[PDB]
């Protein structure tokens, strides 16, 4: 019912122009395969993108909760990637976006 996979899902321009498609999709998968049904979820999820030895580690956290997770993904890391991104659920539409893009 929150980041329900039956409602529409988007990626902002800012995310698309700086991350490859595969990595963006990972985020949805992390939510669907690791997060959903296992923890209650805020309408706003944090995903920091960390350099794990040349590859990308996603670190999931959210507010008013001390449940976090690290997920190693097979994508190459770039210093040009946003350092963190968000998943936001306004109740109709769900979107991966950059922090700057929340205003």
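Numbering follows the first chain given and starts at 1.
Sort the chain's modelled residues by C-alpha temperature factor and residue 31 lands in the lowest third, per the entry. Among all modelled residues in its chain, residue 44 ranks in the middle third by Cα B-factor. Remark: residue 9 belongs to the lowest third of its chain, ranked by C-alpha B-factor as recorded. Sort the chain's modelled residues by C-alpha temperature factor and residue 56 lands in the middle third, per the entry.
In this PDB entry, residue 20 carries a Cα temperature factor that places it within the lowest third of its chain's modelled residues.
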